[PDB]
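So you know, we letter chains A, B, ... as the sequences are listed, proteins then strands, and number each from 1.
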Amino acid sequence: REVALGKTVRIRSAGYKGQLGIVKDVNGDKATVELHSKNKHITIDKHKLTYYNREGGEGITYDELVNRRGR
Amino acid sequence: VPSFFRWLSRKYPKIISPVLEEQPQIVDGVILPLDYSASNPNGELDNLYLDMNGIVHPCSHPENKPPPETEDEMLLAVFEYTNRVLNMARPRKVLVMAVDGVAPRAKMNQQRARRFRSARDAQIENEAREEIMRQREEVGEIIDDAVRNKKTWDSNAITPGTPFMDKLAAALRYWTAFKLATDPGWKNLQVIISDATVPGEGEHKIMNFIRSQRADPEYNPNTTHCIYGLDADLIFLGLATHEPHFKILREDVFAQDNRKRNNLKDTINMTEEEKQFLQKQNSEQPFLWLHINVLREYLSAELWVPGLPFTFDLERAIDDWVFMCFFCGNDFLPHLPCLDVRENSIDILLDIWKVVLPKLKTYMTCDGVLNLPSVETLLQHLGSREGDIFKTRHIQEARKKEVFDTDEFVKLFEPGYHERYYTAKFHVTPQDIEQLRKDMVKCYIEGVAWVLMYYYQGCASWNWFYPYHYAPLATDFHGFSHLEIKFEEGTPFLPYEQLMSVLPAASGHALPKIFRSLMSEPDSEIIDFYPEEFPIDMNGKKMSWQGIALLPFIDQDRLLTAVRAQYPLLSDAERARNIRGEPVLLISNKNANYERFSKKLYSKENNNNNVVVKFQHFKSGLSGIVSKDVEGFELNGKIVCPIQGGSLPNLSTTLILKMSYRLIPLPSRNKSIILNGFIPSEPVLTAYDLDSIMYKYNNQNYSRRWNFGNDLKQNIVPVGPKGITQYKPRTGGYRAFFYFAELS
Amino acid sequence: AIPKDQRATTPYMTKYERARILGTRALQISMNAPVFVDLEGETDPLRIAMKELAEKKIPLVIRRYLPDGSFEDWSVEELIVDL
Amino acid sequence: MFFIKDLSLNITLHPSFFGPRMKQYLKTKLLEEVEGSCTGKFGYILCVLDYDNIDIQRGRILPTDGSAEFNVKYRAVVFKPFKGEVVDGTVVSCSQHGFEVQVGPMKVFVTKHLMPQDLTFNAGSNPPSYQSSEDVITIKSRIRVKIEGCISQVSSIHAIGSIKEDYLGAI
Amino acid sequence: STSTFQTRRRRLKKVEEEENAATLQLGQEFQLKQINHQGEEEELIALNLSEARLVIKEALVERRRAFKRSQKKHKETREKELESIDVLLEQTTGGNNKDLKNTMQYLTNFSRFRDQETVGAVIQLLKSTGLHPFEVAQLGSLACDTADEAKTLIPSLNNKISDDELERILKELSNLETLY
Amino acid sequence: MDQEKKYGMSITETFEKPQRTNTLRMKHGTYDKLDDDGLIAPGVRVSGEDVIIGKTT
RNA sequence: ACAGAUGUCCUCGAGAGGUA
Ligand SMILES: [Mg+2]
């Protein structure tokens, strides 16, 4: 149901701007996104973080709900 | 356990409740007779409806021990099963007994195929058994001809109109009369019998009876109802009655899935110990409850939509849900190719409805009347969405992979299947594709309207049929925004006409001499409608018995001509069973209205069999119209026991009063409105369950094994009225102020 | 058997007795139970128990068991709390 | 035949009712619990006399939780089916199995092999009754029953009666 | 729920004795000289059927005046007896207590004696003998005509052989019961 | 280290990505990081109880 | 008439190497 599941995302704003990670568990509004360089998990709002492609490409906002797809 | 039961248990877990079956004490070998006037631990019960087919069917030709004796064994088994059910439920107001009878023409389309498939299976298994005996006799052993001639019970022979139905109906009346006479707790109980002569499918009769009991101004809205049946759609049909005090009783199929099924050979290995353990284990059969009052709250919390021009009504919310569930799957129309699993498509259809509701400016259905443009938009949205569902289903089937065969050659996953699917049913011609698509669209719309009317406002056609075997594919009913549906009432089929429309195979011999002679002759006017080899079996996905037949339909005019030709030379005694008949109501000797009935009918008035009495629910209950009995019952008489070898003592007619019962005609259309003065049940749900049902849960994902566990910890749920006031205290004052003060 | 009021134990409260009464009162106040003192802005059950014990307003009875089996009942209010 | 005993029942009072009226709370709990109880050891507690007399003792607080257990000392009328005596009862039901003789708050069952061969089941009369020479028992009739059942006290007691030998009739 | 302390090796006595038969042989818990709550050595009561009705009626009226004064501070023959019993039971006990109606009806329709003086006379007459209170209760509850009928219906009465005083007090009970 | 065991003759484990439908008793960890062969490509960040080798029997 | 799947933790005895 939730689009944000297993898709590589980039953290925007806050103290982790520009970081790359993969969201593992999503519940309610907060989304748990792991970190690549850092071995820790940070929970942030799904709307704030942008969405990228698994292989690589342009980044998009949380408008994936309208598109109902990836990339 | 069926897939539907698993789906409803996963989505709605609290609806499963445990039962409390009393075990009579055994002291010094004797068995203590359990009391009936004692309070029922499962809550107070007033009305109990029983589908007699669902009891007489499993008892006969069972999967463990077939009845060795004659029909007497089956009669004893059904009698003890009914006694056990009555002692388990303990009705206090009215007990209803109904068995399947004459059904509308739409039901023959699938019932005929099912009966023919069962007959073919019986024939092939009999041939295999005969081959087994032939091989066994080659060794040198000798087997008595009685064992060889000991065939099955011929389950196909159990059809309305047969003498077996009359014998069962005669036995049932004696059983209920004996129960009323010998049980002091049945003083206020009223028993009605709806024999196979009375038309109905067993459940539609119950729906008509409950709508007729709701056809009285003084009917109490707080009365409780129970319906017992093995059918899966029974639990769903009771929701449409709009009766909050509803609960469905049925056997625990969770345990019966992996219950005792050992062979009889192993029962003698350990002699007394193992046989005693086995007979103690199977003596108790667990059951479960299917309460609908709790399910109403779940439906309310799941069908809510934020933003709507109209007003959100709970009663109207259930109407679209029940219509959609019937559309997805029912025993009247072929299954849609898109909706084959019937479980995973429910959520897809529900979210489609949720997303289309803001676009529409009106509800789905209005008291069973289908809104044509709204349903057109709904099916258009489904067809737009059906492509993704079809692609996902094809991908799943391909991953899983990695008698005519038709669907395999269709290759629906390849693009351009619109004509490929139709080629499996018709020829490769362009204009014929459009013609058959339009015909299928019209027929499907008419059938949907007919089933909605039948399940909401009763039978309206009695002769409508489905002249097709394959449902149209996705993106169906494209242009149909101009048709107006108006069904015409038709006379119900006669018992012989219905019996031959069921079309039993050549193995069946329930027909009289004339009909079997007209059938078995090679030069028969309707010989084309009766196959012998039956090669019409065709898989079409699924497996085992789920395949459907492809045999040609039966013309009504030819069957009518055949029955009218065979009627004149039939014996008068056999022709005397052609009467449609009416339900028979039985009351105790000390009933509240017994004095009035004995003073009005069967009394010193001595009217010429035309006086009728209409009484209300204020006194005793069971509102309706009573008429003089057409049987041989009379005052100061005796009733001969038909069980013979059952050791049942004879009874007099001064203990039980017998009369013909007629349902009160409906003044207006049966609307879906909660009656005034209805007392809501105790609040049991919490906001946590509301949020759980509002958020999409992927079968709980087995995160903490919450699906299965302390199921017995749910305990019993209180039933019946709770509190004099029918309105919950919101703001207000006085009583509400005191409640707020005592709560906070 | 109960030694009337010719008791011979100590007229003071032991540390174990103080701990046991404090724990029992803390549990009772933690659950929905009446309080016989003026909370006065305290919301921890243990501190409420100590406040109740400050002026001996705890309706608890100590049963001191003799090794033989006899026992004498001592009221909380009559027990001197010096520790 | 009824007995007056000095039974005792233990009630675990919750701390939520640890007020000045906990005594009356225990009193009403004892009334609502003990009345109508079909205890196997004793039988039926029909009623408790001397309500304003029953005394409670100091309640021991359990180590596990704050709930206190009270050992009340009450006295009440107890009815026990017992075994090996004659007793008078009134029928309330009849069937082919037997007649449901009722003595006080009891329903003693008589099986087929209990009564003598001078009783045959029939439904000719208005009440279904066992009819034979010089024996007339009906739905509502006088009958003397001798109890020889095994009671089988498991959270409830029962009784099985006999009609053999004279004096066990209407009289 | 017990009223007697453990004694005489209750833990593992196995089958100490068979359940009570006709020839007396009382049970383990219903033995004579029961333990009294305040003290000890209290004999079993001698309570008959008619005495039970009077006792329960007295308890009912005592509780009736009790809660009647509490709420005030806070603020023919068989036919007449049945109505009075019903209106007394409707609010005194409360709750459900279904079994109380049946036993009250049994006491009312089988009341051998309906006067305090009558029951006083009968138990002052029965206290002369040293019979088990169980025997005297059955003797005063069920009316009897012949000595052999009393012996058969009420066993464990073989200690009386003369049957002269037995006939005398049987006639006394008969005339007292007919004097109702 | 992981290995394939040949039970009997034809009951041999295979390295492939399992699914919630065909396979039974799957682990609580995620499976998206796996590939068609059931082995995760080098250079992919992993954490927790994520499945690295996919084997079914 | 009717009826095709899931419930979360598995080792166990040993051996060896180390930390306070
Ligand atoms: Mg059906």
Under 4.0 Å between any heavy atoms, over every strand shown, what does [X] touch: base, sugar-phosphate, or nothing? Just pick one.
X	answer
B/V253	nothing
B/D331	sugar-phosphate
B/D231	sugar-phosphate
B/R342	sugar-phosphate

Which glycosidic conformation, syn or anti, is assigned to G/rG4 if syn requires a torsion within 90° of zero? syn
Which label fits G/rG7, syn or anti, where anti is any glycosidic angle not within 90° of 0?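 Base orientation: syn.
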Check the phosphate of [N] against [X], side-chain N and O only, distance under 4.0 Å to OP1 or OP2. Yes or no?
X	N	result
B/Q546	G/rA3	no
B/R115	G/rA1	yes
B/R10	G/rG7	yes
B/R6	G/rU6	no

Rounded to the Å, how far apart are [X] [atom1] and [N] [atom2]?
X	N	atom1	atom2	result
B/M543	G/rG4	CE	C1'	8 Å
B/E63	G/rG4	CD	P	14 Å
B/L234	G/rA1	CG	P	15 Å
F/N22	G/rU6	CG	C1'	14 Å
B/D121	G/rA1	CG	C1'	16 Å
B/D711	G/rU6	CG	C1'	14 Å
F/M26	G/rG7	CE	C1'	16 Å
B/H57	G/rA3	NE2	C1'	15 Å

Those residues that, when tested against F/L24, pass side-chain contact (heavy atoms from CB on, under 4.5 Å) (two or more places apart): none
Which one, [options], comes nearest to the side chain of [X]?
X	options	value
F/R25	G/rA1, G/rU8, G/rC2	G/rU8
B/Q111	G/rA1, G/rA3, G/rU8	G/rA1
B/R250	G/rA3, G/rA1, G/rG4	G/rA3
B/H61	G/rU8, G/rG4, G/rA1	G/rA1
B/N707	G/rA3, G/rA1, G/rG7	G/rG7

Listing request: all salt bridge (charged side-chain N to carboxylate O under 4.0 Å, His left out) pairs with a residue in residues 324-335 of chain B, at least two apart in sequence or in separate chains. B/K107-B/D331, B/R114-B/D331
Filter on salt bridge (charged side-chain N to carboxylate O under 4.0 Å, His left out), then keep only pairs touching residues 48-57 of chain F, sequence neighbours left out; what's left? A/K24-F/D50, F/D2-F/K55, F/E13-F/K55, F/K33-F/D50
Non-neighbouring partners of B/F246 that pass ring pair (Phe, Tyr, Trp, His ring centres under 6.0 Å), sequence neighbours left out: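 By the ring pair (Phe, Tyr, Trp, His ring centres under 6.0 Å) rule, B/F246 matches B/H225.
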Represent RNA chain G in dot-bracket notation, 5' to 3'. Only Watson-Crick or G-U wobble pairs with both distances under 3.5 Å count; pseudoknot-style crossings use [ ] and interstrand partners use |. ....................
If you pin B/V502 and F/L24 to their nearest nucleotides in RNA chain G, which one's is more 5'?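 So the residue in question is B/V502.
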Here's a test of your reading of the structure: between B/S155 and B/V1, which maps to the more 5' nucleotide of RNA chain G?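 Its nearest nucleotide being more 5', the pick is B/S155.
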Would you confirm whether the ring centroid of [Y] sits within less than 6.0 angstrom of the ring centroid of [X]?
X	Y	value
B/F236	B/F326	yes
B/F553	B/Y466	no
B/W450	B/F332	yes

Under the criterion side chain to side chain contact (heavy atoms under 4.5 Å, CB included), which of B/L50, B/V191, B/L86 is the partner of B/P91? B/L86
Do G/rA14 and G/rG13, which sit next to each other in the strand, have six-membered ring centres within less than 5.5 angstrom and planes differing by under 30°? yes
With north defined by a positive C1'-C2'-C3'-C4' torsion and south by a negative one, G/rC10 has a sugar that is south
Show the atom names and distances, to 0.1 Å, of all donor-acceptor pairs under 3.5 Å that link a side chain in residues 96-105 of chain B to residues at least two apart or in another chain.
| residue | atom | partner | partner atom | Å |
| --- | --- | --- | --- | --- |
| B/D100 | OD1 | B/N53 | ND2 | 2.5 |
| B/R105 | NH1 | B/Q556 | OE1 | 3.4 |

